[PDB]
Each structure stands twice: as C-alpha cells, then as structure tokens.
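One chain is shown next in structure tokens, namely the form deposited in one PDB entry.
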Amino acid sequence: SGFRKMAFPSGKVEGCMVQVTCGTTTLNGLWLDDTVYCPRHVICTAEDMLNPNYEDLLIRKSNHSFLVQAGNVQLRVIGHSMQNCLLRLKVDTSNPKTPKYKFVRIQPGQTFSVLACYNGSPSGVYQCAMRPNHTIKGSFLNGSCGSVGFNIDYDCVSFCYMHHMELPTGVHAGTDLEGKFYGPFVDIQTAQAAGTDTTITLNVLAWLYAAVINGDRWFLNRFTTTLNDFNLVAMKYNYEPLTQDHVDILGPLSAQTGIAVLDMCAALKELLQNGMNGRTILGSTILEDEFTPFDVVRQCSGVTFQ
C-alpha cells in the first residue's frame, strides 16, 4: 500500500554515463557499445551559440577536440558524425556495461525517469512527465546537459530523452536519442518560450480513481456525459481531450472501483465547472496529472481491501 511517484532503478543507465569535454565546455554523454552520444552544442563557444552553423562548426573540430572520460579512464575518440542535434562519437573501447536497450520517442502524457548527471557522474534520479507542450518540469542545473530519461521493461532500457537546455519559465527541453527535439525547440541560445500548456486529463482521471481506491468518494455524482460533451468541456478549461485509447487504458481502474469511465468524466466535469471548495483530494486542493493509470494500477494491486 501507499502512493509514491517512483523512478526506475538507475543502475543500468549509470554504467553508460561518461564525461565529454570540447574547449572549456563539459557535459555528459551516453556510452553505448563503441558510441557516445552527447548534445552537439558541446562544440559551441559563447559567440557561436547565438547563431550557430553546426555543419560549419563541426567541420573545424577533429576527433582530438573531444576528451571523453569514463571514470578516471580516458577514451580515445576515433570518429565523429552528427545526427540532427546530437553528436555520435565513435571511441576505441566498447562499453562492457551496455544493457539491452532501445531508443523510443516518448509521447505527451507519458512519464519517464531522469538520471541527473554532472561531469559524467550520476547525481540522482527522479520521476517525470512529458508535458503536452513538449517540455518537462525537471530539476537541472548547469552541467546537466546530456543527462537522459528512460523507462525499463524487463531488462531493456528504452532511452527517450537527452537534456539540452532550460527555458526562461524554468522548464526543460531536449531531444530523443536520434537527436530530434521534443517541441519546436532549436539548439540556439535565443528567446524561446514554452507554448501554452495543457493538463493531462488521462492522468487526472487515474488520480481520481486512486483517490476513490484511496478511501475517498465525495467528488462522484450521478450525472451522465458522452465522450464528445466531456471533450468540449475539457478543452475550454485547457484539459487534453480524452481519446478512445484513453477510455481503454482506464478500463481496469473502472472494473476495480465499478465507476464507469464516463461517470468519472462526469465527476471531473463537475470539478472543472464548479471548483472543489472547500474540498481536497488526496490532501491536495488542485488536480495531479503526472501519475499514470499504470502507476495507480501497479501500486494498488492486487486485492480489494475494501
């Protein structure tokens, strides 16, 4: 019992973290097999990053330019290409740690685990969600670039994020491990803003189900809604419309509580229109959206305590 945002255990990813230096700039890299990936902006000076031409800047650098450290040990760089925003550095040694893995591009509303690093040295692990505006509300300082986000299924790590930058709001942006940004964001030090964000409805519902399972039933009503009419309402309040797939993903929490998905939708519609005063849910005034249907199912499982 008990509800906690959890991170996947970070050990398999820790064995791939390395340090990468080009000039006076150091940041982290991900060493899989005989390749190290890092953000390409590592090759930029303060003047370059304003308006960089990365093919131009890359053609200047040589394998030497890059110092790659795995602990104390030095790693000869024997090659360099560039994929989108990322550098692919071939190195003289193949990482004996490297885990069964894959690169997956995460979807808005999904969660993952971030291993915050500094100077190739892991500092901590935290939970996260990809926002619908394609940023994350992470925790990162200068030096964090190249830190990665991931999920583990079985023994296989699905890498989904590499950190590149902080926006002026104080949120974070980066890429998938094929270097293609989440969002409109570019790797240039220039005013860029987070777009208007949306609440993740799927996760708010899962939370309402957690709340019911977690000893609470005050929000619930007998009012009837269609998916359509719920969705019109969700949007005027900046909630994600609920898709058909979302209805399905909530199926198990519906069976467990016997509150039909649409009825929980009618619950949430009442909360958006009327507010929730002076009432709390799971001890929170506001609605939580970064806890997933999956998280709620796992933690509750498996008996009906009642």
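The term rigid core refers to the most C-alpha atoms you can superpose between the two forms while keeping them within 1.5 Å. Residue positions are given as counts along the sequence shown, with the first one as 1.
This next part talks about the form deposited in another entry, which is not shown.
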Core-superposed between this form and the one not shown, the one of 276, 58, 67, 49 with a C-alpha shift of 2 Å or more is 276
Post core alignment: residue 217 C-alpha displaced by 2 Å or more between this form and the one not shown:
yes
Check: Rigid core fitted, then: does residue 295 show a CA shift of 2 angstroms or greater between this form and the one not shown?
Finding: yes
For residue 285, state whether the C-alpha moves by 2 Å or more between this form and the one not shown after rigid core superposition. yes
